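Written out below as structure tokens is the structure these notes cover.
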Amino acid sequence: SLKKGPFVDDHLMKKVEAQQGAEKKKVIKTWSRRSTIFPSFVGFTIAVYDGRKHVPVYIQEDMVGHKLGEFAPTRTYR
Amino acid sequence: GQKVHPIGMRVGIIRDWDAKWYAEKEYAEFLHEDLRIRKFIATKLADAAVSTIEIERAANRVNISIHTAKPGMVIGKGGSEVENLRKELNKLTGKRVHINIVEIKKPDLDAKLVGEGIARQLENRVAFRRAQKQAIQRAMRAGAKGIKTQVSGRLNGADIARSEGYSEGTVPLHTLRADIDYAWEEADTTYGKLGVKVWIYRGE
Amino acid sequence: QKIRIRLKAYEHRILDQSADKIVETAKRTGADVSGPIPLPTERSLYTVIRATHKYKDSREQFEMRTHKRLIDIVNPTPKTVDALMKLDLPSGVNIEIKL
Amino acid sequence: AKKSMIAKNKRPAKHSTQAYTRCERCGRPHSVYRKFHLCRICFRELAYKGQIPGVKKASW
Amino acid sequence: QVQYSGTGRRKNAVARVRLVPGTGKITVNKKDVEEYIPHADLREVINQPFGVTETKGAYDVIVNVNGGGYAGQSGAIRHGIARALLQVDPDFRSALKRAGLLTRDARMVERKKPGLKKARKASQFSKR
Amino acid sequence: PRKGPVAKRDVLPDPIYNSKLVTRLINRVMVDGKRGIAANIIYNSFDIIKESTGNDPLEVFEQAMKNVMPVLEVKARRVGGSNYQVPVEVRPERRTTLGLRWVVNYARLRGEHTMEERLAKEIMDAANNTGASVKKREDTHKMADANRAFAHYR
RNA sequence: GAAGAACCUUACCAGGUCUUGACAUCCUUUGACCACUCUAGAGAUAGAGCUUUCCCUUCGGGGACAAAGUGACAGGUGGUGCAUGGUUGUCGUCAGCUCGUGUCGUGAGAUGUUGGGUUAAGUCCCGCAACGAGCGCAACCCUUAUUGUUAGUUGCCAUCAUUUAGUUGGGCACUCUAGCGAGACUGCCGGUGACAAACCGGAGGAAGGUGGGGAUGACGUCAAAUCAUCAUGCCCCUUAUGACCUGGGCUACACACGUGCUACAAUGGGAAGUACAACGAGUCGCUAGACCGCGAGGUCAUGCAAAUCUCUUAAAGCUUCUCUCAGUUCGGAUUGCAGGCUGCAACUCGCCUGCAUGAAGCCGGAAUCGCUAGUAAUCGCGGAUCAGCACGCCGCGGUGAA
Ligand SMILES: [Zn+2]
């Protein structure tokens with residue numbers, strides 16, 4: 001319930017932008033907690049940070065609604 | 001441990017507080033300012049050694065007053081130290097403080113001063129039994145109805161703690177028409193830390 | 001008429017002694033003062049557990065008590081206003097005047 | 001590990017949900033009466049001495 | 001004309017009985033007998049002082065009750081009426097003291113204790 | 001309890017029948033302080049009494065008391081580490097309390113759909129040697145006197 | 001401990017980092033700083049920008065202040081409760097624990113404090129080489145249970161009019177508010193008892209046998225708990241076990257135990273209409289009314305620093321229909337979808353609404369817990385901490401047992 005639209009920080013935007021007409025980069029080091037996904041963020045490759053490790057994951061177009069917090073499982077049950 | 005601070009039992013009935021305020025919406029500011037007020041007589045207590053400070057309050061004025069048994073060092077040579085203490089207190093306050101000095105009579109029948117004195121003999125390596133006994137006799141020489149005394153800790157610069165004290169006269173503790181006093185004070189020569197407690201009774 | 005005051009303190013003895021003093025000075029230059037109307041005397045409680053580390057099964061509480069009195073004045077003189085501004089003490093009660 | 005933290009809590013906060021409550025003369029994080037800015041037990045100690053106006057014992 | 005007074009109290013509920021020579025009814029808070037007093041059978045409950053004094057009527061009753069629960073404020077009606085019947089004639093006070101209905105029930109809700117679940121119920125405490 | 005005997009709390013009669021027994025009957029139905037519901041369903045039980053074979057609304061309750069009320073019960077009065085329970089005559093108030101218990105506190109088990117057919121017709125049945133609470137007293141007297149010889153000397 | 005863990009809270013981790021330091025005191029150079037915009041970033045920080053600032057001038061100077069030097073030093077939620085003070089559990093509201101004087105005993109010591117009766121009690125009577133006293137017990141304190149006086153608004157409406165309406169004219173009559181007062185002490189009578197303490201009944205009264213509760217915790221026991229509220233003997237760390245920031249975690253789960261909430265339905269569920277409490281809280285806090293919404297709610301706004309305005313018209317209650325014994329119109333967990341609110345931000349990890357879903361569960365062995373009357377059992381309401389979050393805690397009131 002975030003009735004006034006999505007929420008993505010502006011200190012997430014500042015790594016690269018010129019990968020819009022070219023083949024994208026591989027390094028996206030971040031914190032990857034607060035920001036959700038809205039369709040301008042499709043098909044990148046982000047090192048999602050889980051408190052210890054910026055774990056790399058790339059994007060499908062239907063991995064689209066939830067935040068960057070599904071893909072930082074901080075439990076380590078193995 | 002089970003017992004009660006006895007002045008916290010009789011307050012409201014046969015005595016009052018030491019802050020006669022009635023303040024809304026500026027209460028905790030004056031509380032933690034009065035907390036600073038009480039600390040500042042550490043300059044006094046090494047020499048002046050007052051017992052109680054009653055703090056009443058007008059609209060925009062500060063009207064305090066003290067009780068003591070030693071009127072010498074508190075009045076200065078000609079009141080010049082008195083105005084200096086007013087200035088140094090106002091530097092922490094910023095408000096019109098108007099201090100006062102009231103002298104107590106029969107001064108040996110206090111609570112805090114006698115315990116402070118026997119803690120002073122403890123801080124000069126003087127034996128605890130003789131000091132307690134001469135203290136309760138010289139308090140009985142003042143004219144009373146009873147004195148209870150108790151000291152604890154590592155007594156007389158020794159090992160694992162004992163706790164022992166002596167009493168004479170009557171002391172109705174469990175009764176409310178009492179008008180008794182009470183005081184606790186720490187002690188240390190160099191070993192650990194000790195504590196003295198002291199009681200009087202003089203009827204209602 | 002154009003004056004009614006309030007009394008709020010902690011001790012009813014200080015309340016009604018200062019109230020009897022101001023009733024004594026009330027119809028000095030004026031007339032027709034109304035008496036000490038009582039008020040329901042709000043009260044609070046607290047709760048402090050009797051330990052430092054454990055032992056919530058034994059507790060302790062205190063109370064705030066605020067006694068309130070009320071004195072109304074009907075058809076006053078102008079001379080009592082400057083008289084009551086010469087009346088300032090005791091300090092344990094705080095007055096609450098209107099016009 | 002608190003003499004830096006008491007000075008940390010006297011500062012204006014980074015944002016709104018950081019200025020919590022602790023005691024003044026001690027530094028307890030839990031069980032502080034915000035009407036008094038005291039903890040549970042320093043209030044208990046000062047309550048007996050007649051040094052807090054208002055408060056009495058309560059029996060009814 | 002003249003009216004007959006009386007008051008009755010029970011269970012943190014107070015009543016002001018106003019007895020008049022009438023026909024035998026009760027009006028409470030400017031309503032009827034059993035509009036504001038609900039389905040409970042408490043008629044001969046209230047008319048039990050009438051069964052020992054002036055059976056059964058015929059006096060209409062004015063009362064303005066407030067506070068408490070319904071049965072407690074109903075039971076307080078009994079005692080203003082019996083106080084009124086003592087006000088009318090002295091010759092029934094023996095008949096009231098044989099029947100009671102004059103002593104105020106001083107028994108009300110008990111003070112708790114800080115440390116239990118209820119005023120006397122203690123919590124479960126497993127021995128092993 | 002330990003020191004001496006305790007008081008016993010005589011009660012108030014009804015607002016209609018002026019009965020203490022029917023009042024006590026209501027009070028051993030009452031759950032969670034809901035007195036008016038239990039009282040009103042007991043007056044409904046008297047209305048079911050009055051219609052179907054209406055004889056007397058209270059004599060049927062007294063005959064329900066007739067066919068239930070005990071006279072004997074065993075009590076474990078050992079002396080020196082034994083098991084010699086003695087069939088002992090019961091106190092009269094405990095006798096009536098056991099009767100009320102066997103009437104109402106057994107009537108949970110009729111299991112019929114109408115909610116007071118387990119009450120009204122049940123106490124109708126106890127008036128004329130029917131209802132299983134009579135045979136409760138029968139088997140109670142039969143397990144009584146099982147030590148008629150070696151316990152009645154104490 | 002925790003009377004409120006999303007960041008802060010924190011002491012636990014991964015990383016980015018720093019050093020008379022995040023905090024205290026003096027010395028000089030100097031004197032007053034700051035604060036705020038732009039760029040980098042995850043932040044601490046870095047580089048610029050407006051400049052900072054004198055409150056005595058006897059040209060002589062420190063008080064409000066920064067930065068630099070090292071010097072003093074700082075810091076530890078690190079250890080030891082078996083080195084401690086202070087504080088608190090527990091026997092337990094159990095009824096005991098002692099002293100002076102005179103006697104007995106060669107002496108350590110004893111008697112008083114033992115015996116008969118009675119009591120909640122070392123509470124009291126009688127006999128007793130004992131006579132008296134103190135700390136306890138009891139009494140004085142608070143609240144509840146009647147009534148007199150005093151004072152009548154923001155309180156109430158009886159003598160009348162009015163208005164939706166005690167509203168407005170009026171009164172302090174009742175109620176209520178709360179100051180000062182009276183009242184329950186074996187007080188009188190009858191029996192029992194050695195005639196004594198005392199026990200059992202009766203009249204009077206509001207309550208008669210310490211009327212009902214609370215606060216009040218002796219000598220001492222357990223090296224009981226506490227350096228993690230505080231202070232602290234001793235020992236250890238110090239370009240670091242000290243400090244700043246981001247993100248995570250204390251909220252995991254193959255399992256076993258303790259404590260609470262909700263049900264296993266007919267004294268019941270579902271729908272409709274219909275009454276009566278008490279305590280307390282309120283300024284960046286409670287919201288009157290109005291409009292709209294299935295709703296969580298949204299908007300405009302009126303009263304309120306208080307017997308006045310709001311929380312707030314309480315639930316079980318009462319009357320009609322309903323279902324007809326089923327895993328059920330009982331039950332209400334689990335799961336998709338759609339939302340609402342505070343938060344910079346509800347993934348890890350807040351609460352609440354709506355739609356769709358509908359599991360166990362038909363009174364629970366061995367065993368074990370609480371309670372002697374406004375109690376037990378059931379039902380709601382308020383407060384603390386709190387942006388937000390309560391089946392926990394603290395308190396009040398309704399119905400009312402064996
Ligand atoms: Zn504190």
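Letters A, B, ... mark the chains of the structure tokens in the order given; residue numbers begin at 1 per chain; ligand numbers begin at 1, in order shown.
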
Item to check | Counting only C-alpha atoms (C1' of nucleotides), chain E residues within 8 Å of chain G, as a ChimeraX atom specification | outcome: /E:16,36,38-39,66-70,103-111,114,120-126

Export N, CA and C atoms of the chosen residues as a PDB file, in the first residue's frame?
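Written file, again.pdb:
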```
ATOM      1  N   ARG E  16     -33.495   9.433  43.255  1.00  0.00           N
ATOM      2  CA  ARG E  16     -34.216  10.468  43.995  1.00  0.00           C
ATOM      3  C   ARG E  16     -35.710  10.176  43.898  1.00  0.00           C
ATOM      4  N   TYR E  36     -38.312   1.912  30.386  1.00  0.00           N
ATOM      5  CA  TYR E  36     -36.935   2.158  30.788  1.00  0.00           C
ATOM      6  C   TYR E  36     -36.407   1.098  31.737  1.00  0.00           C
ATOM      7  N   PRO E  38     -36.340  -2.660  31.761  1.00  0.00           N
ATOM      8  CA  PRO E  38     -36.622  -3.687  30.751  1.00  0.00           C
ATOM      9  C   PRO E  38     -37.243  -4.958  31.304  1.00  0.00           C
ATOM     10  N   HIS E  39     -37.220  -5.999  30.469  1.00  0.00           N
ATOM     11  CA  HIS E  39     -37.930  -7.275  30.570  1.00  0.00           C
ATOM     12  C   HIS E  39     -37.870  -7.994  31.918  1.00  0.00           C
ATOM     13  N   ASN E  66     -30.096   7.536  37.801  1.00  0.00           N
ATOM     14  CA  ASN E  66     -28.964   7.692  36.899  1.00  0.00           C
ATOM     15  C   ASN E  66     -27.742   6.997  37.483  1.00  0.00           C
ATOM     16  N   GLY E  67     -26.894   6.492  36.596  1.00  0.00           N
ATOM     17  CA  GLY E  67     -25.676   5.827  37.002  1.00  0.00           C
ATOM     18  C   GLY E  67     -25.882   4.349  37.280  1.00  0.00           C
ATOM     19  N   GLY E  68     -24.764   3.627  37.340  1.00  0.00           N
ATOM     20  CA  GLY E  68     -24.775   2.208  37.638  1.00  0.00           C
ATOM     21  C   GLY E  68     -25.382   1.354  36.533  1.00  0.00           C
ATOM     22  N   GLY E  69     -25.495   0.061  36.836  1.00  0.00           N
ATOM     23  CA  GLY E  69     -26.199  -0.854  35.967  1.00  0.00           C
ATOM     24  C   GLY E  69     -27.671  -0.874  36.282  1.00  0.00           C
ATOM     25  N   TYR E  70     -28.429  -1.605  35.459  1.00  0.00           N
ATOM     26  CA  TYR E  70     -29.883  -1.481  35.511  1.00  0.00           C
ATOM     27  C   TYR E  70     -30.461  -2.124  36.764  1.00  0.00           C
ATOM     28  N   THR E 103     -31.364  -0.996  55.252  1.00  0.00           N
ATOM     29  CA  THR E 103     -29.912  -0.958  55.323  1.00  0.00           C
ATOM     30  C   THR E 103     -29.338  -0.842  53.922  1.00  0.00           C
ATOM     31  N   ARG E 104     -28.484   0.153  53.721  1.00  0.00           N
ATOM     32  CA  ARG E 104     -27.832   0.323  52.435  1.00  0.00           C
ATOM     33  C   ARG E 104     -26.826  -0.795  52.221  1.00  0.00           C
ATOM     34  N   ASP E 105     -26.832  -1.385  51.032  1.00  0.00           N
ATOM     35  CA  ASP E 105     -25.782  -2.331  50.678  1.00  0.00           C
ATOM     36  C   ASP E 105     -24.494  -1.559  50.469  1.00  0.00           C
ATOM     37  N   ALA E 106     -23.601  -1.650  51.446  1.00  0.00           N
ATOM     38  CA  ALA E 106     -22.291  -1.031  51.368  1.00  0.00           C
ATOM     39  C   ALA E 106     -21.313  -1.843  50.541  1.00  0.00           C
ATOM     40  N   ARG E 107     -21.705  -3.025  50.088  1.00  0.00           N
ATOM     41  CA  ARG E 107     -20.795  -3.912  49.390  1.00  0.00           C
ATOM     42  C   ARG E 107     -20.782  -3.595  47.903  1.00  0.00           C
ATOM     43  N   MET E 108     -19.614  -3.221  47.393  1.00  0.00           N
ATOM     44  CA  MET E 108     -19.451  -2.894  45.985  1.00  0.00           C
ATOM     45  C   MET E 108     -18.193  -3.553  45.441  1.00  0.00           C
ATOM     46  N   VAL E 109     -17.760  -3.128  44.246  1.00  0.00           N
ATOM     47  CA  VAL E 109     -16.632  -3.744  43.551  1.00  0.00           C
ATOM     48  C   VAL E 109     -15.354  -3.573  44.357  1.00  0.00           C
ATOM     49  N   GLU E 110     -14.592  -4.655  44.481  1.00  0.00           N
ATOM     50  CA  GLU E 110     -13.424  -4.692  45.344  1.00  0.00           C
ATOM     51  C   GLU E 110     -12.196  -4.178  44.605  1.00  0.00           C
ATOM     52  N   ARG E 111     -11.352  -3.455  45.338  1.00  0.00           N
ATOM     53  CA  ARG E 111     -10.043  -3.018  44.867  1.00  0.00           C
ATOM     54  C   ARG E 111      -9.179  -4.199  44.440  1.00  0.00           C
ATOM     55  N   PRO E 114      -2.025  -4.934  42.648  1.00  0.00           N
ATOM     56  CA  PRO E 114      -1.061  -4.975  41.543  1.00  0.00           C
ATOM     57  C   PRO E 114      -0.135  -6.174  41.634  1.00  0.00           C
ATOM     58  N   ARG E 120      -8.956 -11.315  43.356  1.00  0.00           N
ATOM     59  CA  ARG E 120      -8.433 -12.403  44.163  1.00  0.00           C
ATOM     60  C   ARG E 120      -7.978 -13.601  43.334  1.00  0.00           C
ATOM     61  N   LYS E 121      -8.278 -13.649  42.041  1.00  0.00           N
ATOM     62  CA  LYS E 121      -7.808 -14.746  41.204  1.00  0.00           C
ATOM     63  C   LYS E 121      -6.308 -14.658  40.988  1.00  0.00           C
ATOM     64  N   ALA E 122      -5.611 -15.737  41.313  1.00  0.00           N
ATOM     65  CA  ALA E 122      -4.182 -15.832  41.078  1.00  0.00           C
ATOM     66  C   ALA E 122      -3.916 -16.566  39.774  1.00  0.00           C
ATOM     67  N   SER E 123      -2.777 -16.255  39.169  1.00  0.00           N
ATOM     68  CA  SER E 123      -2.408 -16.858  37.903  1.00  0.00           C
ATOM     69  C   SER E 123      -1.998 -18.316  38.096  1.00  0.00           C
ATOM     70  N   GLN E 124      -1.976 -19.057  36.989  1.00  0.00           N
ATOM     71  CA  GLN E 124      -1.542 -20.446  37.027  1.00  0.00           C
ATOM     72  C   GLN E 124      -0.044 -20.516  37.268  1.00  0.00           C
ATOM     73  N   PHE E 125       0.365 -21.440  38.130  1.00  0.00           N
ATOM     74  CA  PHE E 125       1.761 -21.556  38.538  1.00  0.00           C
ATOM     75  C   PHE E 125       2.120 -23.036  38.555  1.00  0.00           C
ATOM     76  N   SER E 126       2.828 -23.483  37.521  1.00  0.00           N
ATOM     77  CA  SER E 126       3.147 -24.897  37.385  1.00  0.00           C
ATOM     78  C   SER E 126       4.177 -25.318  38.419  1.00  0.00           C
TER      79      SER E 126
END
```

Next on the checklist: Taking only C-alpha atoms (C1' of nucleotides) and all ligand atoms into account, list the residues no farther than 12 Å from ligand 1, as a PyMOL selection string.
Outcome noted: (chain B and resi 32+35) or (chain C and resi 52) or (chain D and resi 21-34+36-47) or (chain G and resi 229-230)

Closest-contact table, chain G side, partner chain F, 8 Å, counting only C-alpha atoms (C1' of nucleotides), as CSV:
```
residue,atom,partner,partner_atom,distance
G:266,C1',F:115,CA,5.8
G:267,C1',F:37,CA,6.7
G:324,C1',F:113,CA,6.9
G:325,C1',F:113,CA,7.4
G:377,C1',F:32,CA,5.0
G:378,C1',F:32,CA,4.7
G:399,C1',F:33,CA,5.4
G:400,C1',F:33,CA,4.3
G:401,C1',F:27,CA,6.8
G:402,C1',F:28,CA,7.5
```

Go ahead and write the residues just picked, C-alpha atoms (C1' of nucleotides), as a PDB file, in the first residue's frame.
```pdb
ATOM      1  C1'   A G 266     -29.258 -24.497  20.192  1.00  0.00           C
ATOM      2  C1'   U G 267     -28.677 -20.845  27.260  1.00  0.00           C
ATOM      3  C1'   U G 324     -32.789 -27.729  12.828  1.00  0.00           C
ATOM      4  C1'   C G 325     -27.639 -31.278  14.475  1.00  0.00           C
ATOM      5  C1'   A G 377     -17.337 -17.192  35.886  1.00  0.00           C
ATOM      6  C1'   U G 378     -18.624 -13.850  31.581  1.00  0.00           C
ATOM      7  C1'   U G 399     -24.486  -9.364  35.180  1.00  0.00           C
ATOM      8  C1'   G G 400     -23.667 -12.444  39.190  1.00  0.00           C
ATOM      9  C1'   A G 401     -22.962 -18.336  41.299  1.00  0.00           C
ATOM     10  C1'   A G 402     -22.101 -23.826  44.012  1.00  0.00           C
TER      11        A G 402
END
```

Next on the checklist: Which residues are near stretch 52-56 of chain D? Cut-off 8 Å, only C-alpha atoms (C1' of nucleotides), ignore same chain within fewer than 2 positions. Put them as a ChimeraX atom specification.
Outcome noted: /B:8,11-12,17-21,31 /C:10,62-65 /D:46-47,49-50,58

Item to check | Check: which chain A residues lie within 10 Å of chain G using only C-alpha atoms (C1' of nucleotides), as a PyMOL selection string | outcome: chain A and resi 1-3+7+9+11+14+29-36+49-53+66-77

Export of the given selection (N, CA, C and O atoms) as a compact mmCIF listing (two decimals), in the first residue's frame:
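Below you can see again_23.txt, which holds the result:
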```txt
# COMPACT_ATOMS: atom_id res chain seq x y z
N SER A 1 0.83 -1.20 0.00
CA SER A 1 0.00 0.00 0.00
C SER A 1 0.86 1.26 0.00
O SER A 1 1.26 1.75 1.05
N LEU A 2 1.14 1.77 -1.19
CA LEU A 2 1.97 2.95 -1.39
C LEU A 2 1.25 3.88 -2.38
O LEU A 2 1.74 4.16 -3.48
N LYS A 3 0.03 4.27 -1.99
CA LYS A 3 -1.01 4.85 -2.85
C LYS A 3 -0.56 6.02 -3.75
O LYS A 3 -1.22 6.29 -4.76
N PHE A 7 8.33 4.01 -5.51
CA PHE A 7 9.40 4.67 -4.77
C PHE A 7 10.73 4.10 -5.21
O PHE A 7 11.03 2.94 -4.93
N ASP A 9 14.86 5.57 -5.21
CA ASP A 9 15.77 6.64 -4.81
C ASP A 9 16.48 7.22 -6.03
O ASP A 9 16.54 6.63 -7.11
N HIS A 11 19.71 8.34 -5.72
CA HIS A 11 21.10 7.94 -5.61
C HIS A 11 21.23 6.47 -5.96
O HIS A 11 22.18 5.79 -5.55
N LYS A 14 22.39 7.06 -10.30
CA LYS A 14 23.71 7.61 -10.62
C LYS A 14 24.73 6.47 -10.53
O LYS A 14 25.49 6.36 -9.57
N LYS A 29 26.66 -1.79 -8.42
CA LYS A 29 26.84 -1.92 -6.97
C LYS A 29 25.95 -0.91 -6.25
O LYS A 29 26.00 0.28 -6.54
N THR A 30 25.14 -1.40 -5.31
CA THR A 30 24.10 -0.59 -4.69
C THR A 30 23.85 -1.09 -3.27
O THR A 30 24.66 -1.82 -2.70
N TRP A 31 22.73 -0.66 -2.70
CA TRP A 31 22.19 -1.22 -1.46
C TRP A 31 20.99 -2.12 -1.71
O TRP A 31 20.84 -3.11 -0.99
N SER A 32 20.14 -1.80 -2.70
CA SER A 32 19.09 -2.66 -3.25
C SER A 32 18.06 -3.11 -2.21
O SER A 32 17.70 -4.29 -2.13
N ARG A 33 17.58 -2.17 -1.40
CA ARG A 33 16.57 -2.47 -0.40
C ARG A 33 15.27 -1.71 -0.60
O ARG A 33 14.20 -2.32 -0.68
N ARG A 34 15.35 -0.39 -0.68
CA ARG A 34 14.16 0.45 -0.62
C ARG A 34 13.40 0.46 -1.94
O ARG A 34 12.17 0.45 -1.94
N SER A 35 14.12 0.47 -3.06
CA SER A 35 13.52 0.81 -4.34
C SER A 35 12.75 -0.37 -4.92
O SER A 35 13.25 -1.50 -4.94
N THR A 36 11.55 -0.09 -5.41
CA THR A 36 10.76 -1.07 -6.15
C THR A 36 11.19 -1.06 -7.62
O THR A 36 12.21 -0.49 -8.00
N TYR A 49 22.56 -6.12 -3.04
CA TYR A 49 23.34 -6.19 -1.82
C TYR A 49 22.48 -6.73 -0.68
O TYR A 49 21.36 -6.25 -0.46
N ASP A 50 22.99 -7.74 0.03
CA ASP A 50 22.22 -8.40 1.08
C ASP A 50 22.82 -8.19 2.47
O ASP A 50 22.77 -9.08 3.31
N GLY A 51 23.39 -7.01 2.72
CA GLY A 51 24.06 -6.73 3.97
C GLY A 51 25.51 -7.16 4.03
O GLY A 51 26.28 -6.57 4.78
N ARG A 52 25.88 -8.17 3.28
CA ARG A 52 27.26 -8.62 3.17
C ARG A 52 27.74 -8.66 1.73
O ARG A 52 28.88 -8.26 1.46
N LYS A 53 26.91 -9.11 0.80
CA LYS A 53 27.33 -9.40 -0.56
C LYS A 53 26.42 -8.69 -1.55
O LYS A 53 25.20 -8.90 -1.54
N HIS A 66 7.48 -6.29 -7.25
CA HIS A 66 8.07 -6.24 -5.92
C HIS A 66 9.36 -5.43 -5.93
O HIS A 66 9.84 -4.97 -6.97
N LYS A 67 9.96 -5.26 -4.75
CA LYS A 67 11.16 -4.46 -4.60
C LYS A 67 12.38 -5.27 -5.00
O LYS A 67 12.29 -6.35 -5.58
N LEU A 68 13.56 -4.75 -4.67
CA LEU A 68 14.80 -5.50 -4.78
C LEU A 68 15.07 -6.34 -3.55
O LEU A 68 16.22 -6.74 -3.32
N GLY A 69 14.05 -6.62 -2.75
CA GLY A 69 14.21 -7.33 -1.51
C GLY A 69 13.83 -8.79 -1.52
O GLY A 69 14.08 -9.49 -0.54
N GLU A 70 13.20 -9.26 -2.60
CA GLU A 70 13.01 -10.69 -2.76
C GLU A 70 14.34 -11.39 -2.96
O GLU A 70 14.55 -12.49 -2.45
N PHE A 71 15.26 -10.74 -3.65
CA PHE A 71 16.49 -11.37 -4.10
C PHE A 71 17.67 -10.99 -3.22
O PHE A 71 18.81 -10.92 -3.68
N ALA A 72 17.39 -10.72 -1.95
CA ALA A 72 18.41 -10.66 -0.90
C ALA A 72 17.96 -11.47 0.31
O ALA A 72 17.61 -10.90 1.35
N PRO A 73 17.94 -12.82 0.21
CA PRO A 73 17.45 -13.63 1.33
C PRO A 73 18.51 -13.72 2.43
O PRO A 73 19.48 -14.47 2.31
N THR A 74 18.31 -12.95 3.49
CA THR A 74 19.28 -12.90 4.58
C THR A 74 18.87 -13.84 5.71
O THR A 74 18.55 -13.43 6.83
N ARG A 75 18.87 -15.13 5.41
CA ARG A 75 18.65 -16.11 6.46
C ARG A 75 19.72 -17.20 6.51
O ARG A 75 20.10 -17.59 7.61
N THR A 76 20.20 -17.66 5.35
CA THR A 76 21.27 -18.67 5.20
C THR A 76 20.90 -19.97 5.93
O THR A 76 21.48 -20.34 6.95
N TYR A 77 19.86 -20.61 5.42
CA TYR A 77 19.41 -21.89 5.99
C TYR A 77 20.00 -23.06 5.20
O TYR A 77 19.30 -23.94 4.70
```

Checklist entry - Could you write out as a PyMOL selection string the residues of chain C within 12 Å of chain D, counting only C-alpha atoms? => result chain C and resi 9-11+43-53+59-67+92
